[PDB]
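Novice: Here it is, the structure in full.
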Amino acid sequence: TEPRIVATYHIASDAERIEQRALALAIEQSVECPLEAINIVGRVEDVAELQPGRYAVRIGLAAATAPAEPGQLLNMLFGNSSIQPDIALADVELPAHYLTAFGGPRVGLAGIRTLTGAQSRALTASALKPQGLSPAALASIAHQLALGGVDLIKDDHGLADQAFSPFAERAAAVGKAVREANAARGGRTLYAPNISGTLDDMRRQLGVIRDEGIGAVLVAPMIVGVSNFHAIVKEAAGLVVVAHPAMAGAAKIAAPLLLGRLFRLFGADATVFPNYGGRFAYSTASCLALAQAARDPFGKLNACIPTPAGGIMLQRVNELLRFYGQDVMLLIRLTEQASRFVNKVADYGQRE
Amino acid sequence: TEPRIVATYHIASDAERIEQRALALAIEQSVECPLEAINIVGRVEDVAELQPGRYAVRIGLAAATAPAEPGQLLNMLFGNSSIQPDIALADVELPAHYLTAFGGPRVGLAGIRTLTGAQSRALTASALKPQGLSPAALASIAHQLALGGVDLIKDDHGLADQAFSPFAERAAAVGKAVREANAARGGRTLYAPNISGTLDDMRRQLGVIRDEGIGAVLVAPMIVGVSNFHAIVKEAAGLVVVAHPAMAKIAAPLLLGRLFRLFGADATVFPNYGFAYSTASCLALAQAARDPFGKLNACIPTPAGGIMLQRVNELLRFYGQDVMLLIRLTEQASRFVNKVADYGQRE
């Protein structure tokens, strides 16, 4: 008897129709047949009331149907049900063999700490914006940020391979600028350029990263396909792999499960998400759960650093470090103001 | 002045906050900067009240930010905003150069008609289920379906490369069985096996399809990444490319109809109103798939649902005959196929 995947879904339904709805869900994410058309059919393990009108439903899905293949796993978890308006995928309990197969973060929270020199303090990141800029202007900005002691500099997630500032030219100009800053200040700032397109495009761009001696990379798994994201993770070669959540909301998969657990499972070393109280609508509950899914014990897998983003000002730093603890990377006269932020973070939870 | 992409979004907002929300939208899908941090910024071209609490917002996005690269285009259209709960992407008006570059369906509605032998009638499809059967048992089902004159046989979208029926073994067994059936009844039934995994996995599986002489392929673009779906379309070599909506808030007509078509889908599967799709949405999806769209071929809308013998005439009145309805197996199959063939002709 092979152990099942237990997926938890949240369903908007009545008490009258919830039992029926749950069975239909088991079918939809299994054989997708009437029973008359027929170990493989999904089992309704449990139905619980979260509150009136909203249920949690545990479904046992035959592992046979979903090999350790990211796309196919997602397919069996939520492929068809994603089209329904009354359902969200909330959590997934995978058999241990899935965790070993996928392998999780290759560098992880501990690895990034070592690379950046952040022993115990929280880390800092910034993005290169706006995307209209030439690689030189982007480079100049990166230089100022890195001069300020920021741990990780990432591309705007919108930056890809535009004539504006083609990937090759941008990675060179920026990576060069970050190195120079590191040398002058004795820094260990990382740069994560955004790789894009087909798997062919992504590997070519990874080629440039490696050739330029760049130490990190940014990828939006839900854009490029999780199966390809995972493939790149396996080719990353000690690079810090930073995941971005672009298009993660297109289907109703809960953020903590997706950006936290699944992204981590597939190989993300850091994972970007909109902080509560930022421009987006994540609850504090969700942000905390996301952080925990990224960090907490999960088989033998490395932790992934939660990387919150939003209106993160000098005034928010202590709040966020109280909220998240110090195992977090906060994403926010440039060099001066950057140093201000960096020093505020470093000073957290130590003697005045 | 290069023409902009004009994306239309639907927003849940009040009259007091809508103008502001619209501006923030324009920024979010553009520079994603405060203005203090800086023709790239998105332009709010128009704001209109659909119903109280619901606005349609037209945003002019600089084409330079979104090359003709499927993933990146989706990125700039809705990457970030897909995270927000108050917005949906409803339509997109692309500069003609986008249509030319992507190329649309290589076979199209006309081409599938020719391959299938369906001159003017609606077409028919069925899926191989349940998942978990051996390649031989799947093959046997395929044979019975094809014997009934069904135009296209697709893998269950859930079928991939599982141990119980590996892609190579399934494609061979099922492809053979469909050919047999064809030779026996003088048929032209197509088989579309589901390809998946990484782009490497997809090309290997595509290689098996071509080696087996199979005439179609099934792909879920939102699973495999639209950029890779489009890469496969360019390698499909005259195979009918059938899109499946697995993992598809982008409005269904825009995504399954227009965008899938744009990227190269020759047929597009979607849940019929008869899931939660409205009749309005199903009709619009059909139209997005079929109607004039630059010089691009039409993509055949392929509705799926509890489509029964008693539903055929309804659905053909609804969609017209440029449609492929998805749904003693041979006797009951033949009965569906003949019903479809008989629609809108003299008794």
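Chain identifiers are assigned as A, B, and so on, following the order in which chains appear in the structure tokens; residues are numbered from 1 within each chain, and ligands are numbered from 1 in order of appearance.
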Residues of chain B within 6 Å of chain A: nearest atom pair and distance (Å, one decimal) for each, counting only C-alpha atoms, sorted by chain and number, as a tab-separated table?
Specialist:
residue	atom	partner	partner_atom	distance
B:31	CA	A:130	CA	5.1
B:71	CA	A:223	CA	5.7
B:79	CA	A:246	CA	4.4
B:80	CA	A:246	CA	5.2
B:82	CA	A:249	CA	4.7
B:83	CA	A:249	CA	4.5
B:84	CA	A:280	CA	5.9
B:130	CA	A:31	CA	5.0
B:131	CA	A:31	CA	5.6
B:197	CA	A:227	CA	5.8
B:198	CA	A:227	CA	5.1
B:223	CA	A:71	CA	5.7
B:224	CA	A:225	CA	5.1
B:225	CA	A:225	CA	4.3
B:227	CA	A:198	CA	5.1
B:228	CA	A:198	CA	5.1
B:246	CA	A:79	CA	4.4
B:247	CA	A:79	CA	4.6
B:249	CA	A:250	CA	4.8
Novice: Need to verify the contact set: residue 134 of chain B, 9 Å, only C-alpha atoms, exclusion of same-chain residues closer than 2 positions in sequence. Can you return it as a ChimeraX atom specification?
Specialist: /B:131-132,136-139,164-166,170
Novice: How would the residues just chosen look if you wrote them out with C-alpha atoms as a compact mmCIF listing (two decimals), in the first residue's frame?
Specialist:
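Saved result, result.txt, follows:
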# COMPACT_ATOMS: atom_id res chain seq x y z
CA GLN B 131 -6.00 7.39 -15.70
CA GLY B 132 -4.36 4.31 -14.21
CA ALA B 136 -3.29 -1.62 -23.82
CA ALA B 137 -6.57 -0.92 -22.02
CA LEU B 138 -6.33 2.74 -23.07
CA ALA B 139 -5.55 1.59 -26.61
CA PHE B 164 1.20 2.71 -14.84
CA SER B 165 1.19 4.01 -18.44
CA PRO B 166 4.44 5.74 -19.54
CA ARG B 170 0.88 4.81 -24.27
Novice: Find the distance between atom CA of residue 294 of chain A and atom CA of residue 233 of chain A and write it in Å to one decimal.
Specialist: 16.6 Å
Novice: Would you please give, as a VMD selection string, all residues of segment 33-270 of chain B that DSSP assigns to alpha helix (DSSP H) based on the backbone?
Specialist: chain B and resid 70 to 78 96 to 102 108 to 116 135 to 147 167 to 185 199 to 212 221 to 224 226 to 233 252 260 to 263
Novice: Excluding segment 262-279 of chain B and residues on its chain fewer than 3 positions from it, collect all residues at most 8 Å away from it, counting only C-alpha atoms, and give them as number ranges by chain.
Specialist: A: 83-85; B: 70, 99, 102-109, 112, 226, 229-230, 233, 240-245, 256-259, 282-283, 289, 296, 298-307
Novice: Using only C-alpha atoms, determine which residues lie at most 7 Å from residue 265 of chain A, disregarding the query and same-chain residues fewer than 5 positions distant; provide the list as a PyMOL selection string.
Specialist: chain A and resi 99+102-105
Novice: Just the number, please: distance in Å from atom CA of residue 110 of chain A to atom CA of residue 303 of chain A, one decimal.
Specialist: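 Spanning atom CA of residue 110 of chain A to atom CA of residue 303 of chain A is a straight-line distance of 7.7 Å.
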Novice: So, with only C-alpha atoms as the atoms that count, which of B:221, B:193, B:213, B:187 lies closest to residue 238 of chain B?
Specialist: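 Between B:221, B:193, B:213, B:187, the residue approaching residue 238 of chain B most closely is B:213.
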Novice: Between atom CA of residue 113 of chain A and atom CA of residue 150 of chain A, measure the distance and give it in Å to one decimal.
Specialist: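 A separation of 12.8 Å between them.
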Novice: Within 12 Å of residue 171 of chain B, counting only C-alpha atoms, which residues show up once you throw out same-chain ones fewer than 4 positions away? Write them as a compact mmCIF listing (two decimals) with N, CA and C atoms, in the first residue's frame, please.
Specialist:
# COMPACT_ATOMS: atom_id res chain seq x y z
N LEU B 128 -9.48 9.79 -23.22
CA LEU B 128 -9.14 8.49 -22.67
C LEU B 128 -9.04 8.58 -21.14
N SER B 134 -3.69 0.46 -18.16
CA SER B 134 -2.48 0.17 -18.92
C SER B 134 -2.61 0.76 -20.31
N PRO B 135 -1.48 0.96 -20.99
CA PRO B 135 -1.49 1.42 -22.38
C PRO B 135 -2.40 0.57 -23.27
N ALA B 136 -2.46 -0.73 -23.01
CA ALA B 136 -3.29 -1.62 -23.82
C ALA B 136 -4.78 -1.36 -23.60
N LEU B 138 -6.09 1.42 -22.48
CA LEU B 138 -6.33 2.74 -23.07
C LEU B 138 -6.47 2.60 -24.58
N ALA B 139 -5.53 1.87 -25.17
CA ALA B 139 -5.55 1.59 -26.61
C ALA B 139 -6.88 0.99 -27.07
N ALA B 142 -9.53 3.64 -27.11
CA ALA B 142 -9.28 4.47 -28.28
C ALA B 142 -9.83 3.83 -29.55
N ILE B 153 -9.29 12.04 -30.53
CA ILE B 153 -9.13 11.35 -29.26
C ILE B 153 -7.97 11.97 -28.50
N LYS B 154 -8.26 12.48 -27.31
CA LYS B 154 -7.21 13.12 -26.52
C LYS B 154 -6.94 12.31 -25.26
N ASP B 155 -5.70 12.37 -24.78
CA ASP B 155 -5.38 11.87 -23.45
C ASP B 155 -6.18 12.63 -22.43
N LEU B 159 -3.08 12.45 -17.73
CA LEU B 159 -2.12 11.46 -18.19
C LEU B 159 -0.83 12.16 -18.59
N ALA B 160 0.28 11.71 -18.01
CA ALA B 160 1.58 12.28 -18.33
C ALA B 160 2.57 11.16 -18.60
N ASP B 161 3.46 10.90 -17.65
CA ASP B 161 4.48 9.88 -17.85
C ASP B 161 4.57 8.95 -16.64
N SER B 165 1.40 3.84 -17.00
CA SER B 165 1.19 4.01 -18.44
C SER B 165 2.09 5.09 -19.01
N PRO B 166 3.40 4.80 -19.10
CA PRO B 166 4.44 5.74 -19.54
C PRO B 166 4.12 6.36 -20.90
N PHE B 167 4.54 7.60 -21.13
CA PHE B 167 4.23 8.29 -22.38
C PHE B 167 4.55 7.47 -23.63
N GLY B 175 -1.79 5.02 -30.47
CA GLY B 175 -1.61 5.47 -31.84
C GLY B 175 -1.86 4.35 -32.82
N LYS B 176 -1.35 3.16 -32.50
CA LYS B 176 -1.56 1.98 -33.32
C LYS B 176 -3.05 1.65 -33.41
N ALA B 177 -3.73 1.66 -32.26
CA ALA B 177 -5.14 1.32 -32.20
C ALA B 177 -6.03 2.29 -32.99
N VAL B 178 -5.64 3.56 -33.02
CA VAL B 178 -6.39 4.55 -33.77
C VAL B 178 -6.18 4.35 -35.27
N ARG B 179 -4.95 4.04 -35.66
CA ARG B 179 -4.66 3.69 -37.06
C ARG B 179 -5.46 2.47 -37.54
N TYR B 191 -5.31 11.32 -32.87
CA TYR B 191 -4.96 11.12 -31.46
C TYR B 191 -4.05 12.23 -30.94
N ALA B 192 -4.41 12.80 -29.79
CA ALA B 192 -3.61 13.85 -29.15
C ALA B 192 -3.16 13.42 -27.75
N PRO B 193 -1.96 12.84 -27.66
CA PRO B 193 -1.39 12.46 -26.36
C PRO B 193 -0.89 13.69 -25.60
N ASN B 194 -0.99 13.66 -24.27
CA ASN B 194 -0.62 14.82 -23.47
C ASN B 194 0.87 14.85 -23.20
N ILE B 195 1.56 15.86 -23.72
CA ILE B 195 2.98 16.03 -23.43
C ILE B 195 3.23 17.02 -22.29
N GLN B 205 8.98 13.79 -25.89
CA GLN B 205 7.66 13.21 -26.07
C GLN B 205 7.12 13.57 -27.45
N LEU B 206 7.43 14.78 -27.91
CA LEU B 206 7.05 15.21 -29.25
C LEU B 206 7.74 14.32 -30.28
N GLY B 207 9.00 14.00 -30.00
CA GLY B 207 9.76 13.09 -30.84
C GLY B 207 9.12 11.72 -30.97
N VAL B 208 8.54 11.23 -29.88
CA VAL B 208 7.85 9.94 -29.89
C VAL B 208 6.57 10.03 -30.73
N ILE B 209 5.84 11.13 -30.58
CA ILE B 209 4.63 11.36 -31.36
C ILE B 209 4.93 11.31 -32.87
N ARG B 210 5.96 12.03 -33.29
CA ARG B 210 6.31 12.07 -34.71
C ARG B 210 6.81 10.71 -35.19
N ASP B 211 7.57 10.01 -34.36
CA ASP B 211 8.06 8.69 -34.73
C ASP B 211 6.94 7.67 -34.87
N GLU B 212 5.88 7.84 -34.09
CA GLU B 212 4.74 6.95 -34.14
C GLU B 212 3.73 7.33 -35.24
N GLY B 213 3.93 8.49 -35.85
CA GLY B 213 3.04 8.95 -36.91
C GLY B 213 1.71 9.47 -36.40
N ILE B 214 1.70 9.92 -35.15
CA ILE B 214 0.49 10.48 -34.55
C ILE B 214 0.29 11.91 -35.05
N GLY B 215 -0.96 12.32 -35.22
CA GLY B 215 -1.25 13.56 -35.91
C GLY B 215 -1.62 14.76 -35.06
N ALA B 216 -1.72 14.57 -33.75
CA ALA B 216 -1.99 15.71 -32.86
C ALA B 216 -1.25 15.60 -31.52
N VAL B 217 -1.32 16.68 -30.74
CA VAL B 217 -0.68 16.76 -29.43
C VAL B 217 -1.55 17.57 -28.49
N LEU B 218 -1.53 17.21 -27.20
CA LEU B 218 -2.28 17.93 -26.18
C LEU B 218 -1.28 18.61 -25.23
Novice: Looking at A:302, A:286, A:165, A:51, which one is nearest to residue 139 of chain A, with distances taken over only C-alpha atoms?
Specialist: A:165
Novice: Given the choices B:125, B:189, B:69, B:140, which gets closest to residue 231 of chain B if the distance is worked out from only C-alpha atoms?
Specialist: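 That would be B:69, the residue with the smallest distance to residue 231 of chain B.
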Novice: Could you pull the residues within 10 Å of residue 96 of chain B, counting only C-alpha atoms, minus those fewer than 6 positions along the same chain, as a ChimeraX atom specification?
Specialist: /B:3,293-295
